[PDB]
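Accompanying notes for the structure given below.
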Amino acid sequence: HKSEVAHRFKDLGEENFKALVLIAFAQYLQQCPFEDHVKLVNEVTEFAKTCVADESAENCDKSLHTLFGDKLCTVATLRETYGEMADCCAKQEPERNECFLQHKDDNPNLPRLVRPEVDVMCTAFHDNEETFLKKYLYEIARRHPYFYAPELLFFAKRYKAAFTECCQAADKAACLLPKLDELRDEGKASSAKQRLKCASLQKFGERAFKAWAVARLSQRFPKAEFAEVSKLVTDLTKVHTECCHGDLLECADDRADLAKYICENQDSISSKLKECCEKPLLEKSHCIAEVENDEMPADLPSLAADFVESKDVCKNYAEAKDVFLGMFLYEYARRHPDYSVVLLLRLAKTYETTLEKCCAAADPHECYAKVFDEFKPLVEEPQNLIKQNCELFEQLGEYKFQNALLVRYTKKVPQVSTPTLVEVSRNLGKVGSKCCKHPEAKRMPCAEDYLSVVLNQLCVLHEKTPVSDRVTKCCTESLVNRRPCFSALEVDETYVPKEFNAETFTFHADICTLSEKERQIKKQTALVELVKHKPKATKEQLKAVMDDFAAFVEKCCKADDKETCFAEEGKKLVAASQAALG
Ligand SMILES: CCCCCCCC/C=C\CCCCCCCC(=O)O
Ligand SMILES: CCCCCCCC/C=C\CCCCCCCC(=O)O
Ligand SMILES: CCCCCCCC/C=C\CCCCCCCC(=O)O
Ligand SMILES: CCCCCCCC/C=C\CCCCCCCC(=O)O
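With the authors' numbering applied, the sequence shown covers 3 to 584.
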């Protein structure tokens, strides 16, 4: 039917097509020059215009993969540069393309991208703003070959809108930097979420994934019927598999097909989809995936009815276990948008466990009559933690809240690197700052969202440089008990204090010229070292030492001649503190 290129070109528009072709090629030819890819893009774009003018034009009939594959193999250096990958050009289609996906190197050997000065950046932006955005688009795409292209394009437009609104302000840095930080964090989270979902699919199986998807979908579309939700879980599962495989083209088609489906049965799924279903092809699925929870019917029976009281349960269960259990989740999840998905799964595993013990006993109904009774504690566990932690967060504020976490975790896993403990504690604080501003009904979902990517990054790291069997236990265990296992970590009684070191607790006046972020990291780094040296110190002994240090920095940063007060009063602080911490 017609021409694929022409079609995609008409749907996307020239501007989007060119930016997407750039990203796609950058993700395969990660080592080729920018000017080389631009040549490529122009060539393909010109070809695509040929097809838009005449569908019968040469090669215009060819499939996207084939056209794409032919273009890659057309690169001169290829073998000289990539070597192995060049041998892919010797194969037929299904093979050739699969051969390229295998050589798509994740975690390249490229330099870190350094953020330029707001001024140089803004000035480059005013000059060729297009080549300014494409170069960076190219730089980020080659470093993240797995990042879904259209999404990367959505972030790029937000960056563009920020340079536009900021490069014209009185104080540019004041405007730009703050939003460049939000975008970075946002981009890293999305990137991590993505690897997280794919790793989970791989590590735990499609069953676990389907369970997660049912719960998640039911919270969002509480009005949808179970048959509808199972339909979506199935398709959603096929989408994640191919999108994880890395094949951009297949992934995009599956996503478009799904969003189209959902939009066509809009009224049969959710009322909060109107906006998203009006958007262009490029942003539909992305919009839908971010859509807000629809409101629940209000005309819903009780869970006790069909799952706890009604005999006919084991019968209905033995008939199709997973389906029955899926029904339980659907029912429980659409009634609880306020629960995290993992909590929902813990309740479902608990219920499964019960049906599996009771349905085989003499009087079934009398064995599982009090099951909802066993849910209470599972539910209270996270709620209580969130309540306790957000109260504390509101008490001391972000920075001081980060310190509280710092002391807490260093004490639980002293074997961890100081820079890693600092990074972890800081990220956790931002979660507290993002999620505690929410009402009690949106807090667990918020925390789950952020905590999962933080806990995963943590584990992949530990997977590389192991440090504690305890961490490994929590990291390799069930994805449903991952967080509870970390919450259960106890202070490390075993650990042996790190012998004193003055260099470690030696401060200089430079901490006064430092920026807010740099001196925090400076102080926090020391705080971790302090706890690693005297792990048996009280929250109070520590508060006292931290207070003595506070005034220290003050009565020395505001003193005539610094680098001395710092060595004089410093010697004192350390000698006195050593005594306090007996
Ligand atoms: C991990 C991918 C998510 C990040 C999205 C990036 C989108 C790229 C679009 C335009 C380039 C912006 C140029 C500014 C670079 C500064 C990057 C940084 O702060 O780390
Ligand atoms: C509102 C979230 C509060 C975030 C504060 C950051 C401190 C992290 C420590 C404990 C938070 C525990 C939250 C547990 C909910 C995750 C979902 C789950 O496991 O059910
Ligand atoms: C040397 C680097 C290797 C990686 C080491 C991993 C370090 C883990 C450090 C701290 C654990 C994070 C705390 C997890 C949140 C649990 C929530 C709670 O407190 O209830
Ligand atoms: C027995 C070991 C003695 C070590 C010497 C102690 C010197 C003090 C060292 C580190 C304190 C770190 C400061 C953390 C509090 C930051 C709070 C704030 O910003 O005001």
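Note that beta-carbon positions come from the ideal geometry of N, C-alpha and C, so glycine has one too.
Would you report the Cα separation of residue i and residue j, rounded to the nearest angstrom?
| i | j | result |
| --- | --- | --- |
| residue 464 | residue 196 | 19 angstroms |
| residue 218 | residue 343 | 6 angstroms |
| residue 236 | residue 180 | 41 angstroms |
| residue 299 | residue 210 | 28 angstroms |
| residue 435 | residue 371 | 41 angstroms |
| residue 544 | residue 397 | 18 angstroms |
| residue 250 | residue 452 | 26 angstroms |
| residue 51 | residue 233 | 38 angstroms |
| residue 83 | residue 32 | 10 angstroms |
| residue 95 | residue 242 | 23 angstroms |
| residue 72 | residue 93 | 11 angstroms |
| residue 487 | residue 340 | 22 angstroms |
| residue 446 | residue 138 | 36 angstroms |
| residue 67 | residue 297 | 42 angstroms |
| residue 411 | residue 572 | 27 angstroms |
| residue 22 | residue 160 | 16 angstroms |
| residue 156 | residue 231 | 28 angstroms |
| residue 375 | residue 6 | 57 angstroms |
| residue 331 | residue 444 | 19 angstroms |
| residue 494 | residue 534 | 11 angstroms |
| residue 151 | residue 288 | 11 angstroms |
| residue 567 | residue 561 | 8 angstroms |
| residue 309 | residue 291 | 30 angstroms |
| residue 517 | residue 523 | 10 angstroms |
| residue 16 | residue 273 | 33 angstroms |
| residue 113 | residue 204 | 30 angstroms |
| residue 199 | residue 221 | 18 angstroms |
| residue 576 | residue 507 | 8 angstroms |
| residue 479 | residue 525 | 34 angstroms |
| residue 201 | residue 319 | 31 angstroms |
| residue 216 | residue 482 | 15 angstroms |
Can you find the residues in the same chain that come closer than 7 angstroms, C-beta to C-beta, to residue i, ignoring five residues on each side of it along the sequence?
| i | result |
| --- | --- |
| residue 12 | 54 |
| residue 108 | 147 and 148 |
| residue 514 | 559 and 564 |
| residue 4 | 57 |
| residue 468 | 474 |
| residue 127 | 134, 165 and 169 |
| residue 384 | 342, 345 and 446 |
| residue 546 | 582 |
| residue 391 | 434 |
| residue 429 | 456 |
Within the continuous alpha helix (DSSP H) that includes residue i, where are the two ends?
| i | result |
| --- | --- |
| residue 178 | 174-206 |
| residue 406 | 400-414 |
| residue 586 | In the structure displayed, the chain extends from 3 to 584; residue 586 sits before or after that span and is not available. |
| residue 17 | 16-30 |
| residue 233 | 228-247 |
| residue 506 | Residue 506 -> no alpha helix (DSSP H), and no H or E assigned at all. |
| residue 429 | 420-437 |
| residue 259 | 250-266 |
| residue 71 | 66-75 |
| residue 489 | 484-489 |
Counting only the same chain and skipping the five closest in sequence on each side, list residues whose C-beta sits under 8 angstroms from that of residue i.
| i | result |
| --- | --- |
| residue 174 | 120, 121, 124 and 168 |
| residue 286 | 258, 261, 262, 265, 278 and 279 |
| residue 472 | 415 and 491 |
| residue 191 | 452 and 455 |
| residue 548 | 405 and 529 |
| residue 18 | 155 and 284 |
| residue 527 | 420, 421 and 424 |
Which residues in the same chain as residue i place their Cβ atom closer than 6 angstroms to its Cβ, once the five residues preceding and following it in sequence are excluded?
| i | result |
| --- | --- |
| residue 253 | 244 and 245 |
| residue 29 | 143 and 147 |
| residue 27 | 39 and 42 |
| residue 377 | 349 |
| residue 461 | 477 |
| residue 354 | 327 |
Within the segment 285-349, note down every full alpha helix (DSSP H) run reaching 4 residues or more, in order along the chain.
-> 286-290, 315-321 and 323-336
Go through the segment 522-577 residue by residue and report every complete run of the alpha helix (DSSP H) that reaches 4 residues or more, in order.
-> 541-559
Could you name each continuous beta strand (DSSP E) segment of 3 residues or more that falls completely within the segment 77-153, going from the start of the chain to the end?
-> none
Sequence-ordered residues whose beta carbon comes within less than 6 angstroms of a heavy atom of ligand 2 | 342, 344, 345, 384, 387, 388, 391, 392, 430, 433, 434, 437, 438, 445, 446, 448, 449, 450, 453 and 485
Length at least 4, wholly inside the segment 357-390: the alpha helix (DSSP H) runs in chain order = none
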